[PDB]
Each structure stands twice: as structure tokens, then as C-alpha cells.
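Start counting the sequence shown at 5; every next residue gets the next number (the working numbering).
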Amino acid sequence: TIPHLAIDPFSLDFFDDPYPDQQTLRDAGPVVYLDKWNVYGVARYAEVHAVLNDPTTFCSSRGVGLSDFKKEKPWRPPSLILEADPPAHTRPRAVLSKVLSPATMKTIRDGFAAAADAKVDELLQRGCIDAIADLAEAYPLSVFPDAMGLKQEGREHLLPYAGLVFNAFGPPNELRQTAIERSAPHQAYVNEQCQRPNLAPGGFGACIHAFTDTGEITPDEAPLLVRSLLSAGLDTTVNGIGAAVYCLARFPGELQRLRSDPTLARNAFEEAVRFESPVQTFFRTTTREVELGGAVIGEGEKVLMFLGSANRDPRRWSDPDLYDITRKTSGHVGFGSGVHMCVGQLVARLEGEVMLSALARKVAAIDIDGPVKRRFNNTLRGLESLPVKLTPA
Ligand code: HEM
Ligand SMILES: O=C(O)c1ccc(-n2cncn2)cc1
Ligand SMILES: [Cl-]
Numbered sequence: 005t006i007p008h009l010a011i012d013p014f015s016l017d018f019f020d021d022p023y024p025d026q027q028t029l030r031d032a033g034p035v036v037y038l039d040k041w042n043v044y045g046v047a048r049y050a051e052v053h054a055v056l057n058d059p060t061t062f063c064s065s066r067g068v069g070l071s072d073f074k075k076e077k078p079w080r081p082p083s084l085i086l087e088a089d090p091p092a093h094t095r096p097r098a099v100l101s102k103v104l105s106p107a108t109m110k111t112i113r114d115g116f117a118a119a120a121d122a123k124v125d126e127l128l129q130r131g132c133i134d135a136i137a138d139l140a141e142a143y144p145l146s147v148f149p150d151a152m153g154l155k156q157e158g159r160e161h162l163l164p165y166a167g168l169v170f171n172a173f174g175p176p177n178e179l180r181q182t183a184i185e186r187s188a189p190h191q192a193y194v195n196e197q198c199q200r201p202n203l204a205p206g207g208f209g210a211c212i213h214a215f216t217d218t219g220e221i222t223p224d225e226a227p228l229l230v231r232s233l234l235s236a237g238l239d240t241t242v243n244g245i246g247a248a249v250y251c252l253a254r255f256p257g258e259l260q261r262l263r264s265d266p267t268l269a270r271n272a273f274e275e276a277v278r279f280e281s282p283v284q285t286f287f288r289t290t291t292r293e294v295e296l297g298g299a300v301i302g303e304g305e306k307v308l309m310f311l312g313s314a315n316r317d318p319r320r321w322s323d324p325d326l327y328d329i330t331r332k333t334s335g336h337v338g339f340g341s342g343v344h345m346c347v348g349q350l351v352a353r354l355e356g357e358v359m360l361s362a363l364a365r366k367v368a369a370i371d372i373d374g375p376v377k378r379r380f381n382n383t384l385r386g387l388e389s390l391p392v393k394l395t396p397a
């Protein structure tokens with residue numbers, strides 16, 4: 005009843021160009037079985053959205069990677085928010101929601117915007133730059149560690165640690181095994197910065213620790229919740245901003261529309277998140293036998309969701325393979341959906357918006373002018389190098 009496919013969604017060939025195989029996964033059926041890894045797969049929007057929104061049946065506390073925490077030891081202590089289900093999830097979630105709240109965005113917007121404008125001005129002086137190292141990486145590195153309250157020393161550990169986190173959601177392939185092999189120094193740095201004395205006043209980290217006297221979290225929970233922001237909040241924005249620049253570089257007509265109305269900046273970024281989906285996949289584990297899209301899945305089974313595929317499913321989107329900065333993007337699953345829907349989405353959108361605003365106001369053309377190189381990760385989609393010439397407006 006359920007079709008069995010040999011596609012390996014964690015192979016380099018798949019990362020290099022996932023879209024044909026994603027159509028094969030959607031068109032094979034609402035639910036497939038991936039023989040390579042002994043997991044169920046769902047690649048259509050409807051079932052991805054259904055799974056995300058039934059956290060009781062499709063739980064997160066047995067891990068959102070391939071590994072089942074009921075069978076194997078997690079490679080690091082479980083996340084108190086990502087790898088927890090209601091009700092344990094609920095209070096740590098509320099703390100992070102308040103730390104990264106609508107009201108908090110007002111305190112950081114001016115500095116984030118000024119840093120975005122300054123970076124674009126700097127890049128225009130060079131003309132030919134690498135939109136990954138010099139922009140997608142450099143801009144978040146210039147604002148987010150400081151917003152966290154991190155010291156300057158050791159920040160070179162942050163992107164490697166995040167890449168490790170996202171590789172570790174994958175199967176035990178070479179990408180994952182190599183990441184874990186190299187991890188000890190990055191884990192040591194990150195765990196230490198999570199302790200209250202090492203987080204500067206007024207930053208996100210200190211604000212998490214300040215919530216430990218409300219009864220929502222205890223003091224021994226705060227370091228792991230700081231760990232969550234350092235895990236989830238940098239590399240993702242790098243790939244999101246990188247995707248947006250890549251889209252504007254490939255679709256000059258949309259850059260021209262964005263220049264003509266810079267208030268489209270926020271939706272241009274949201275559309276980039278739909279179109280490239282920086283977080284491509286992740287897993288749930290069934291807690292009972294369940295019927296999903298006409299198929300029966302047993303208890304204790306890993307289910308792999310394809311967020312990027314759901315965001316390109318023609319059953320849900322008109323012209324899904326077009327980058328359209330005026331698209332009604334509401335409902336895309338690039339930030340997830342439901343109780344775990346990205347708690348840092350307002351920080352992500354703020355960064356993306358202010359960067360695309362700076363480009364909209366200051367740049368007349370973005371032309372790829374060198375070899376484009378992809379960056380391979382078991383969970384994240386993004387580029388390693390994006391050589392572009394920026395022409396000033
Ligand atoms: C473009 C940037 C980003 C993308 C594409 C993205 C994507 C996602 C997705 C898909 C999830 C859901 C995972 C799941 O349901 O298992 C998630 C959760 C999460 N994200 Fe993001 N994210 C981004 C930025 C950020 C930022 C900036 C932060 C923090 C500053 C952050 C922190 C988190 C946390 C803590 C969770 C877990 C929330 C929970 O489990 O309730 N993310 N993110
Ligand atoms: O709590 C953490 O450590 C954490 C939270 C979320 C994620 N993400 C997974 N997919 C997208 N974000 C990774 C780590
Ligand atoms: Cl760690």
C-alpha cells in the first residue's frame with residue numbers, strides 16, 4: 005500500500021539538486037517508506053502540515069533527528085524546548101517567546117537596521133564580494149552574538165557548533181559522524197557561554213536567566229535554553245539571508261520590484277524562506293498507530309517531513325517554483341507550524357527585512373560573477389560561496 009523508495013534525502017546528489025526527487029516523493033503518494041533509512045516520509049504540504057499540528061501523535065521528545073531517544077543516547081543533553089512535548093514544552097516555550105517577543109524587537113530594531121545599512125555601504129565600496137562570507141555570514145555575526153550578550157572571544161565556534169547541531173539531526177552518515185568527531189571544542193565553548201556570569205546584561209541570554217525567578221523555568225534550565233538560541237538562531241539566519249540574496253541575484257525582475265517599493269522587503273524575505281527553505285527537513289516519532297493520508301503507520305516509527313518540498317507543492321502553491329516577492333506567503337512551513345513553530349521567527353524576519361531594505365535602497369544590480377558553491381548539511385540548505393558584483397543605486 006505504501007510505496008517504497010530508494011531515494012536518500014541525505015545524500016550529496018540530493019542536496020545538489022533536491023527538486024526532482026522531491027517531486028518523485030510527492031507524486032509517489034501522501035506517505036512513502038524510505039528503505040535507505042527505515043523511516044516514513046511525507047513530502048506534500050497537506051501531510052507535512054497535518055503532522056506538524058498533531059504533536060501528541062507525532063512527538064518531538066524522542067528526537068527530531070533520525071535517532072530515537074528511546075533507543076539511542078542523544079549526542080548532547082536534549083533541548084528543553086525543541087526535544088520536548090506538551091506539557092513539558094509549554095513553559096520553556098513561553099519564556100523564549102517572551103525573550104524574543106514583539107515588544108523585544110523594538111529594543112533591537114534600530115541597531116539591527118543600522119548594522120545592515122553599514123554592511124551594505126561597506127560591501128558597495130568593494131563592489132565584488134562573496135554574498136555568503138561577506139554578507140549572509142558577516143551581517144548576522146555582526147548583530148546576533150552581541151544581542152545574545154556573548155563576549156568577543158571564541159565566536160568562531162558558533163557557526164561550527166550550529167552546523168554540528170543540524171548535521172546531527174541526520175542519519176549516521178559521514179557528514180554526521182565527522183561533525184560529532186570534531187565537536188568537543190565547540191561544545192565546550194558553547195556550554196560555558198550559557199552560564200549566567202558570561203552573558204552581558206540586557207541581552208537575550210541574561211533575559212533567559214532573569215526568567216528563572218517567575219516559576220516558569222528554574223535556574224538549572226536557563227543554560228540549556230541559552231544553548232537553544234545559540235544552536236538555532238545563527239546558521240539558520242545565515243542561510244535565510246543567503247537564500248534571499250541568491251533569489252534577488254537570479255531573479256533581477258524581482259530585485260527591480262523590491263527597489264521600486266522597499267516596503268516589500270519583509271515579504272521578499274519571507275518568500276525567500278519559502279522558496280529555498282533553509283531548514284529542509286526534520287523528524288517526528290509516532291506515539292501510537294496512526295492513519296495519515298490513507299496509510300497506517302505503527303507506533304514508535306520515525307517520520308521524515310520535507311518542509312522545502314511542502315513549500316513547493318503545486319497542490320498548495322500557484323507557480324511554486326517562481327520567486328514572487330508579492331506572493332501571499334502565509335501558511336508556508338519554512339518556520340514550521342504549530343506549537344514548535346520557530347520561536348525566533350521575529351528575530352529572523354527582522355534581520356532579513358532590514359538587510360533586504362538596505363539592498364533595496366542602496367543597490368541597483370546584483371550579478372553573479374563567479375562559481376557558485378553549495379554548502380552540504382544533513383538538515384540545512386544553503387550556499388558556501390556566492391560571488392556577486394553589487395552595483396550602487
Ligand atoms: C530564517 C531563519 C530561521 C528558520 C528558517 C528557522 C526554522 C525553524 C523551524 C522550521 C523550526 C521548527 C522545528 C520543529 O518544529 O521541530 C524552528 C524552531 C526553533 N527556532 Fe528557528 N528558524 C530560524 C531562525 C531562528 C532564530 C533567529 C532563532 C532564535 C534567535 C530560532 C530559534 C528557534 C527555536 C529555539 C526553535 C524551537 C522552538 C520550539 O521547539 O518550540 N530560530 N526554527
Ligand atoms: O533548542 C535547540 O537547541 C534547537 C531548536 C531548534 C532547532 N531547529 C531545528 N530545526 C530548525 N531549528 C535546532 C536546535
Ligand atoms: Cl553542547
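Note that beta-carbon positions come from the ideal geometry of N, C-alpha and C, so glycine has one too.
| task | Please look up how many angstroms separate the CB atoms of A269 and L262, rounded, as I've assumed it's under 8 angstroms. | result | In the sequence shown, the residue the question calls residue 269 occupies position 265. In the sequence shown, the residue the question calls residue 262 occupies position 258. Sure, about 7 angstroms apart at Cβ, within 8 angstroms.
| query | How about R320 and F62: do their beta carbons lie closer than 8 angstroms? | reply | Position 316 of the sequence shown, counted from the first residue, corresponds to residue 320. Position 58 of the sequence shown, counted from the first residue, corresponds to residue 62. It is not a contact, given that the beta carbons lie outside the stated cut-off.
| Shortest alpha-carbon distance to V147 belongs to which of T333, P78, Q191 and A122? | Here residue 147 is taken as the residue at index 143 of the sequence shown, counted from 1. Looking at the Cα atoms, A122 is the closest of the given residues.
| By a C-beta neighbour count over all protein chains shown, 10 Å radius and 16 as the cutoff for buried, is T330 buried or exposed? | Start at 1 with the first residue of the sequence shown, and residue 330 comes out as number 326. With fewer than 16 Cβ atoms within 10 Å of its Cβ, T330 is classed as exposed.
| If you drop the 5 nearest sequence neighbours on each side, which residues of the same chain put their C-beta closer than 6 angstroms to that of residue 1? | Because the chain here runs from 5 to 397, residue 1 falls outside it and cannot be looked at.
| Just to confirm, are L296 and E51 a CB contact at a threshold of 8 angstroms? | Along the sequence shown, one-based indexing puts residue 296 at 292. Along the sequence shown, one-based indexing puts residue 51 at 47. Contact flag set, yes.
| Can you give the Cα-Cα distance for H213 and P282, rounded to whole angstroms? | One-based indexing of the sequence shown puts residue 213 at position 209. One-based indexing of the sequence shown puts residue 282 at position 278. Each residue's Cα considered, the two are about 29 angstroms apart.
| From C132, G131, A119 and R130, pick the residue whose C-alpha is nearest to that of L145; which is it? | Along the sequence shown, read from residue 1 onward, the residue named residue 145 stands at position 141. Residue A119 is the option with its Cα nearest to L145.
| query | Out of curiosity, what's the CA-to-CA distance linking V36 and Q156? | reply | Position 32 of the sequence shown holds residue 36. Position 152 of the sequence shown holds residue 156. Each residue's Cα considered, the two are about 47 angstroms apart.
| request: Please determine, among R66, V103 and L84, the residue with the shortest C-alpha to C-alpha distance to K77. | output: Within the sequence shown, numbered from 1, the residue matching residue 77 stands at position 73. That would be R66, whose Cα lies nearest to the Cα of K77.
| query | Shorter than 8 angstroms from the beta carbon of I6 to some beta carbon of chain D? | reply | Annotation note: the requested chain D is absent from the structure, which comprises a single protein chain.
| task | Would you identify the three-state DSSP class for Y23, choosing helix, strand or coil? | result | As a working mapping, residue 23 is identified with position 19 in the sequence shown. The answer is helix: DSSP assigns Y23 an H, G or I state.
| task | Assign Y23 to buried or exposed, taking buried as 16 or more other Cβ atoms, counted over all protein chains shown, within 10 Å of its Cβ. | result | The sequence position of residue 23 within the sequence shown is 19, counting from 1. Exposed, since its Cβ has fewer than 16 Cβ neighbours within 10 Å.
| task | Could you round the C-beta distance between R180 and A192 to whole angstroms and report it? I think they count as a contact, below 8 angstroms. | result | To locate residue 180, count along the sequence shown from 1; it is residue 176. To locate residue 192, count along the sequence shown from 1; it is residue 188. Contact doesn't hold; Cβ gap of about 20 angstroms is too wide.
| field | Residue nearest to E160 in terms of C-alpha spacing, selected from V169, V194 and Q27 | value | Here the question's residue 160 lines up with position 156 in the sequence shown. Ranking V169, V194 and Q27 by Cα distance to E160 puts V194 first.
| request: Find out if the Cβ-Cβ distance for the pair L308, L38 is shorter than 8 angstroms. | output: As a working mapping, residue 308 is identified with position 304 in the sequence shown. As a working mapping, residue 38 is identified with position 34 in the sequence shown. For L308 and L38, yes; Cβs fall inside 8 angstroms.
| field | At least three beta-carbon pairs within less than 8 angstroms, the region 218-238 to the region 368-376 | value | no
| Paired residues, beta bridge with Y37 - DSSP | In the sequence shown, residue 37 corresponds to position 33, counting from 1. The partner list for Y37 (beta bridge, DSSP) reads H8 and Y44.
| field | DSSP state of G246 mapped onto helix, strand, coil | value | Against the sequence shown, residue 246 aligns to sequence position 242. Reduced to three states, the DSSP call for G246 is helix.
| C132, DSSP secondary structure in three states | As a first step, residue 132 must be located in the sequence shown, where it is residue number 128. DSSP places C132 in strand when its eight states are reduced to three.
| field | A352 beta carbon less than 8 angstroms from that of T267 | value | For this step, residue 267 is matched to residue 263 along the sequence shown. For this step, residue 352 is matched to residue 348 along the sequence shown. No, the pair does not count as a contact, with Cβ atoms beyond the cut-off.
| task | Tell me whether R97 counts as near ligand 1, meaning its Cβ is closer than 7 angstroms to at least one heavy atom of that ligand. | result | Counted from its first residue, the sequence shown places residue 97 at position 93. Under cutoff, so the answer is yes.
| said: Can you determine whether any heavy atom of ligand 3 sits closer than 7 angstroms to the C-beta of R231, and answer yes or no? | reply: As a working note, residue 231 is residue 227 in the sequence shown. Checking every heavy atom of ligand 3 against the Cβ of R231, one is found closer than 7 angstroms.
| Nearest residue (CA-CA) to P149, options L238, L70, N57 and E355 | The residue labelled residue 149 in the question sits at position 145 within the sequence shown. Selected option, being the one with the closest Cα: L238.
| field | Three-state class that DSSP yields for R66 in the structure shown | value | In the sequence shown, the residue the question calls residue 66 occupies position 62. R66 falls in the coil class under three-state DSSP.
| said: Can you determine whether any heavy atom of ligand 2 sits closer than 7 angstroms to the C-beta of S281, and answer yes or no? | reply: Here residue 281 refers to the residue found at position 277 of the sequence shown. Outside the cutoff, so no.
| message | Please tell me whether, using a cut-off of 7 angstroms, the distance from the CB of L179 to the nearest non-hydrogen atom of ligand 2 is below it. | response | Position 175 of the sequence shown, counted from the first residue, corresponds to residue 179. Checking every heavy atom of ligand 2 against the Cβ of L179, none is found closer than 7 angstroms.
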